[PDB]
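Some notes on the structure that comes next.
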Amino acid sequence: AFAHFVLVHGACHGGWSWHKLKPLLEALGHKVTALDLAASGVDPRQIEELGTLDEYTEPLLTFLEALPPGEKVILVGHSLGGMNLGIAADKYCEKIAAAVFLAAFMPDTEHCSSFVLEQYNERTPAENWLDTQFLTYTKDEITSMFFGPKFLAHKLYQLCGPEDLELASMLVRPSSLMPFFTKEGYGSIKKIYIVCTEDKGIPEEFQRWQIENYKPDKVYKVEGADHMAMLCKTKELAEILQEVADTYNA
Ligand SMILES: [Mg+2]
Ligand SMILES: [Mg+2]
């Protein structure tokens with residue numbers, strides 16, 4: 001039927017990356033919330049004030065906490081957004097109909113919370129970051145990420161239009177990758193993975209690896225999708241999300 005989709009962006013991005021998908025879900029009758037996480041999009045915070053992934057997720061937690069009784073949402077997380085999903089699902093699991101991991105980090109419950117990030121780090125040669133800028137800052141020593149135009153063009157948006165890449169160049173902002181996701185909370189939610197097959201930021205092989213590691217309830221494959229499937233495969237993506245809405249409810 002009709003769901004409430006809560007869309008959670010990835011590193012260096014913001015609510016704006018869902019600007020093509022949201023109207024599509026809304027024309028399907030759904031309610032759609034596309035948050036800015038902390039120090040993302042036009043959030044007024046700067047990355048230097050964020051100490052943890054939990055603090056980065058604050059707007060998501062705040063929004064879920066405000067949800068009235070009976071209201072349940074389908075979380076949709078992109079890239080690093082998948083970790084925001086795990087954080088949110090472990091605090092407000094009673095409010096989550098399902099979580100969708102769009103080419104995202106899917107943590108598990110048997111390994112430590114950062115396992116998929118550590119493993120992603122270990123499989124990723126530093127050359128792959130291209131012109132991405134890594135700096136350090138202090139709060140209370142934290143490494144910041146800032147994607148450069150080459151990385152955006154060559155590893156994230158390579159199958160997107162020039163207006164998509166230019167938009168990201170105009171909006172991306174510094175981010176950061178910064179103990180256990182519980183079986184009772186996060187572990188209990190239905191999870192859906194959307195594989196993006198031409199992804200060069202999180203390669204399909206890593207995406208398949210995470211599914212192997214912690215199998216979700218449904219796996220969709222988006223052929224021809226780079227990492228920003230919501231911009232190049234928006235229509236197909238909305239059709240998967242409708243299938244999800246129809247499956248996970250009453
Ligand atoms: Mg925004
Ligand atoms: Mg392009």
Side-chain angles (χ1 to χ4, degrees), residues 4-26 30 32-34 36-50 53 55-64 66 73 75-85 87-88 100 102-104 129 131-132 144-149 151-154 156-176 196-204 222 224-234 237-238 241:
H4 186 173
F5 287 110
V6 183
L7 311 184
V8 195
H9 67 79
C12 302
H13 283 64
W16 52 268
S17 53
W18 304 109
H19 79 280
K20 302 193 184 175
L21 177 69
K22 173 154 190 300
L24 280 201
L25 300 177
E26 287 180 339
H30 309 286
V32 185
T33 302
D36 275 338
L37 295 172
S40 312
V42 310
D43 187 81
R45 278 161 290 200
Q46 300 301 319
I47 192 50
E48 284 88 3
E49 312 157 63
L50 304 183
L53 214 74
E55 284 166 36
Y56 173 55
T57 316
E58 172 277 311
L60 175 61
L61 303 172
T62 293
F63 178 84
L64 292 180
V73 298
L75 298 183
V76 189
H78 180 235
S79 174
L80 177 59
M83 305 289 292
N84 303 115
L85 266 44
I87 293 172
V100 176
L102 172 67
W129 294 109
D131 56 357
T132 295
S144 58
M145 212 137 60
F146 194 42
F147 301 142
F151 184 71
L152 299 174
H154 284 356
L156 300 187
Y157 293 77
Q158 90 274 1
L159 301 188
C160 277
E163 64 286 58
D164 299 304
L165 173 63
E166 181 64 44
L167 183 60
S169 296
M170 280 162 167
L171 294 172
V172 292
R173 291 177 65 195
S175 187
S176 176
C196 298
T197 67
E198 302 311 303
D199 197 328
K200 295 166 91 183
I202 304 182
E204 153 165 22
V222 181
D226 59 21
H227 193 56
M228 312 300 307
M230 77 279 293
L231 304 166
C232 57
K233 293 287 179 178
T234 315
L237 193 278
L241 291 182

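FYI, the numbering just counts along the sequence from 1. Whatever order the structure lists them in is the order used to number ligands and atoms, beginning at 1.
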Strictly under 6.0 Å, is that where the ring centroids of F147 and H227 end up? no

Using a strict cut-off of 2.8 Å, how many protein N/O/S atoms surround the Mg ion (ligand 2)? 1

Just wondering, is there an N, O or S atom on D43 that's nearer than 2.8 Å to the Mg ion (ligand 1)? no

As an exercise, state the distance from CG of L237 to CH2 of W18, rounded to the nearest 0.5 Å. 7.0 Å

Give the name of the N/O/S atom in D36 that lies closest to the Mg ion (ligand 1). OD1

Residues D43, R173: salt bridge by 4.0 Å N-O rule: no

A168: what forms a side chain to side chain contact (heavy atoms under 4.5 Å, CB included) with it, not counting sequence neighbours? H13, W16, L152, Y157, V172

Are any side-chain N or O atoms of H78 and backbone N or O atoms of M228, one a donor and one an acceptor, separated by less than 3.5 Å? no

Quick one: pull up CE in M230 and NE2 in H19 and give me the separation to the nearest 0.5 Å. 11.0 Å

Closest heavy-atom contact between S176 and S144? CB-CA, 4.4 Å

